[PDB]
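# Overview (structure and organization)
The chain contents come next:
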Amino acid sequence: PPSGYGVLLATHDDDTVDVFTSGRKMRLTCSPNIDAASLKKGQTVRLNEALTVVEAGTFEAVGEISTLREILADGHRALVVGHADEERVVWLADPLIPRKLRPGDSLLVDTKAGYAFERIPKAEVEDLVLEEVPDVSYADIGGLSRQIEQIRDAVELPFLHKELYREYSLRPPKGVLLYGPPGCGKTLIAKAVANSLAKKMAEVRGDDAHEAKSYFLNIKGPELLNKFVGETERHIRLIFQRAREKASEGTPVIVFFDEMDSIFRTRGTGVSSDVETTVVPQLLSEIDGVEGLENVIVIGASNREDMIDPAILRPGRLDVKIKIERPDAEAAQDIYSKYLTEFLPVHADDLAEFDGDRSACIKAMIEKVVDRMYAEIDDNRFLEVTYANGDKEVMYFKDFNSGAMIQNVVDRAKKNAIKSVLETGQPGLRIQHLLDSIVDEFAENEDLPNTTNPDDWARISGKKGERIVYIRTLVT
Amino acid sequence: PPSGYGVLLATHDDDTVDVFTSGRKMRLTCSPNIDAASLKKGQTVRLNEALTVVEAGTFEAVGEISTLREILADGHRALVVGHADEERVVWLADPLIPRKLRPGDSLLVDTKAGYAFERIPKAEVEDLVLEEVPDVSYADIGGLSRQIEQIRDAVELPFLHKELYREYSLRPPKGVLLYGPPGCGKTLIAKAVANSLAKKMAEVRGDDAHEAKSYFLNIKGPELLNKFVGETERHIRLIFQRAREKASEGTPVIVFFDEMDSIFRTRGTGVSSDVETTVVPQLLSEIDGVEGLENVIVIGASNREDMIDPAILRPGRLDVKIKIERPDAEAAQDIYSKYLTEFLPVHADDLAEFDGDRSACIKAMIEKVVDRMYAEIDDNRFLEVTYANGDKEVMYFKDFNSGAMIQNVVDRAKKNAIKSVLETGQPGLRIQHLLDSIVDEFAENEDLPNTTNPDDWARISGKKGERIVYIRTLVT
Amino acid sequence: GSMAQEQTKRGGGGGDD
Ligand SMILES: Nc1ncnc2c1ncn2[C@@H]1O[C@H](COP(=O)(O)OP(=O)(O)OP(=O)(O)O)[C@@H](O)[C@H]1O
Ligand SMILES: Nc1ncnc2c1ncn2[C@@H]1O[C@H](COP(=O)(O)OP(=O)(O)OP(=O)(O)O)[C@@H](O)[C@H]1O
Ligand SMILES: [Mg+2]
Ligand SMILES: [Mg+2]
């Protein structure tokens, strides 16, 4: 019953095998049960007090990890550097002699034995950001059809028809940018494309969730910035190496950068710090250089289109610049339909007029509420934009509208309904509740604007030809 | 029979030899089977239960790596320094005492035995700078017939006719710089140069698999920055030392620096801790040097030549300078001809217009699209510029055209053609597809401008004579 | 006198056992 263990090193024609055991190298004879032909270098074997190899086993799974330095000419050995800058030449085991063991890979190794087995880095923490795949799909996004069509053509279409693209000698777009006013739905598309990619990977390759999620990376913005000089660039290089490794000309890898302005700037706008002055060239070289990413798509989302560096906002890097505009009446109706589901409880007062037809009643309520909020009445007057020319312009609450505001209004209406059912005991959302929620929201978001706001007024000022000099809230 | 191993130390006349085993040196006799004369210093021998040398093999193949510092006077001892700067004296092995033992080389050593078994060439420069050879050739570059001539001469002519160069005592230039607006062909020229050099080296010598491309050292901008204080300077010195060693009279060594903006920044004027005052002087001293570096050419690519240090741009160090500009009408036609190959499928109507003449139809399409792009019409008015006094100057898209956006236009036209094929079923590409692609590309790119003054803005201000003070988009 | 951040550079340490 008491049996030892050891590490196989090499094989000979004398039916003998070299085994490292107890800190010493010995040569031993294999039992007749085991055949030496199937043995491979680095395999773990079982020993005994009689010192005979009895059975082979899987390779070692734990130990110190050492960054690979270089691959020797023979191919059976490689130079690897330890944690404290110690360099050793170690044999390469069977599994490493799949993806080539390219230099710069921290290989799992045993210093005493002198053999390698595996590797990995910290960029996987990005994959840990998307531990839960969002369940929102394209069916849950309303008011945007051309934008969804473009984003599907940029990502899903090239991989849906490989032969047609090959015949026309067309490659999938290298990058996609999404820009627009806050709350217009950029992150919704950003997470819907990730959900679709996860579904595709689950249905095509395998049902395992981790591998499916491994094809989407979430940067989160300034997560790359680090304390030490030259470490953020190394992190970016590792991220792009990880991206290029997973690509196979039929499996896209989507690296999503959120709030592009956080880490990318014009290299001169940095006042307190100029880390972007070094970060930007590294990413530019990674995206397009002597060696270019064959099958990697970079999706960036930002709220300040102009503040990004011109080099990034160039064809060949960010091919399609999708613009998401503030919802109009039709988009508002679509969003309300997406939120005011048919299954929500509705008061019998509302169903009395429409014989209990829930769908027709909800559609009529949605049309009434969107008409109420999209009304050019003196009660909806918000601001007076002036210019040097003098063409004073009256803006309404409808101009500063987005899907987030619609969701907030629906939530407030639901809260009012729940308060009413708690106090009185009659359930059901009412039409008057939505109107009250609208006016309360427009009252709550009244004293927001500051002295000067370059958020969305720059475009209007350029349209009118003159710059804004005064704005006032026109209430009471 | 389990038998342990050991390492031979010395040979004595009594047929008894010293063997290092189990971490200690013991004087052991040799079996009559083995010959004492056949044994060599540092050769691994076999032991047994009686600790008798029975079989002698080869020298050790794994262990630590220590750089050779100095061979002692007797020649049987060598002093080396370890990873943590420990000085140790070792005995050279029989093969060490063709290949030449030189100071500074790395040796495979074992601390316990204190022997050096082989010399392992580190060749660390072969790592982190080699890449797969791109397939771009000189024939794939259009609109640049003067700059390509300059760079081709500066790279080939000193090596095409060496005797004539030596007759005039003309040294080959050692500094080539490429600068211009983004997406104009700098990296394209670099890739073409790398491909041509790799093909030439594969023609001249063998080892086509590897080392053939070793003569092109591609370095990304921030790739050389390191966390430690002196590691980056040592990396610079090592790269330049290898470039000096690898260089020959007939074999050029091209060390390409991509994204020249990051490194070589003007000394000082850094708000963050991006200390260039240490790295930049190292590069200057390596390139210029107390002794002239021979058979080396450094190529740098950047779109921001203003932030580069004046010293590195001094003539003689980076004398050869090349400017790549925005393509004109003729250059745009050349680029379109480069991309719109005759092999691209064409619609039946277009072929029927010219009776199936492929070249005539292609050139007609190219001429029409080029004329539409560069026409001065109201719809192509991109930007409006107001100077200090100046006038209302109008910049059209022809003032911002580039090869990258031409490629993007062709790509999206092909995508539209594929969409039409999928929806209608008629293969081919229409001129209307090109026009729709052009208008869509301009609509997507008309959000680029920002309140900044790059080199193009400086050129425009110099032409007008007044500084740029206002820029606005012509949305309506 | 705009306030500015910093990025430090580590120095290697010699440790045995
Ligand atoms: N069709 C729609 N258009 C816009 N917003 C919608 C739509 N449907 C739902 N929303 C709601 O709008 C909210 C904001 O969307 P999203 O998170 O995409 O904007 P965002 O990308 O965060 O904007 P920013 O990044 O500028 O803050 C979401 O919580 C979502 O519930
Ligand atoms: N004759 C040409 N002139 C300009 N661009 C071309 C030409 N032919 C092809 N291109 C396309 O232009 C694209 C960009 O070229 P290149 O990579 O050399 O510029 P770049 O170095 O990326 O510029 P930057 O580094 O400032 O962004 C290439 O992908 C290439 O396909
Ligand atoms: Mg967002
Ligand atoms: Mg470039």
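Rules used in this analysis
- Residues numbered from 1 in each chain as written, not as in the entry; some residues may be left out.
- Chains lettered and ligands numbered in written order.
- Part of a larger assembly, values for the part shown.
- Heavy atoms only, no water.
- Residues with missing side-chain atoms left out of burial classes, pairs and counts.
- Pairing = 2+ DSSP bridges.
- Helix = DSSP H or I, 4+ residues; strand = E, 2+ residues; numbered from the N terminus.
- Axes fitted to C-alpha atoms, helices over the stretch in contact; angles between N-to-C directions.
- Near = heavy atom within 4 Å.
- Polar contact = N/O pair within 3.5 Å; in protein donor to acceptor, adjacent residues only side chain to side chain.
- Areas by Shrake-Rupley, 256 points an atom, 1.4 Å probe, with all protein chains shown as cover.
- Contact = heavy atoms within 4.5 Å.
- Buried area = accessible area lost by both parts, 1.4 Å probe.
- Salt bridge = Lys/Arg side-chain N within 4 Å of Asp/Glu carboxyl O.
- Patch = residues over 30% accessible without salt bridge, like charges linked within 9 Å, V, L, I, M, F, W, Y side chains within 5 Å.
- Buried < 20%, exposed > 50% of the residue type's maximum accessible area, 1.4 Å probe, protein only.

This deposited entry lists cryo-EM as its structure determination method and 4.0 Å as its resolution.

All names here are of chain B. Strand order in this open sheet of three strands is β16-β15-β17, and the pairing throughout is antiparallel. Edge positions in the open sheet fall to β16 (393–396) and β17 (468–473), since each of these has one partner strand only. If you compare each strand with its neighbour and ignore which way they point, the axes differ by 30° on average. One ladder, built from five bridges, connects strand β15 (residues 381–387) with β17; its direction is antiparallel.

Glancing now at the site of ligand 2. With respect to spatial proximity, 18 residues lie near ligand 2, and among them B:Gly142, B:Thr187, B:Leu188, B:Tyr339 and B:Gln407 are the closest. Chains contributing residues to the immediate surroundings of ligand 2 are chains A and B. Here B:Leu188 contributes a backbone N or O atom positioned 2.5 Å from an oxygen atom of ligand 2. Calculation on ligand 2 without its partners gives an accessible area of 640 Å², and the protein chains cover 89% of this total. Those elements that provide at least two residues to the shell around ligand 2 are α3 (186–204), α6 (329–339) and α9 (403–423) of chain B.

Here the focus is the interface of chain C and chain B. For interface size, the figure often reported is the accessible area lost on association. With seven residues of chain C in contact, the opposing surface of chain B contributes eight residues. In total, chain C and chain B occlude about 690 Å² of area from one another, counting both sides; carbon and sulfur atoms represent 48% of this. Of all residues in chain C, the largest losses of buried area upon contact with chain B belong to C:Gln7, C:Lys9 and C:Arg10, amounting jointly to 72% of the total for that side. Here chain C is connected to chain B by zero salt bridges. Counting every contact that joins chain C to chain B gives four residue pairs in polar contact.

Turning to a nonpolar patch on the surface, a few remarks are in order. Taken together, the side chains of B:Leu164, B:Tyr168 and B:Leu170 make up a nonpolar region of the molecular surface, amounting to roughly 370 Å² of accessible area. For B:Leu164, the location among the structural elements is in helix α2 (residues 162–168).

Residues and elements named next belong to chain A. Of all five residues that make up strand β9 (residues 106–110), four are buried, and the element is covered over most of its length. The pairing of strand β6 (residues 65–71) with β9 spans three bridges and is classified as antiparallel. Bridge pairing in β9 links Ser 66 to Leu 107. Following β9, the chain reverses through four residues before pairing antiparallel with strand β10 (residues 115–118); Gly 114 in that reversal takes a positive phi of roughly 85°.

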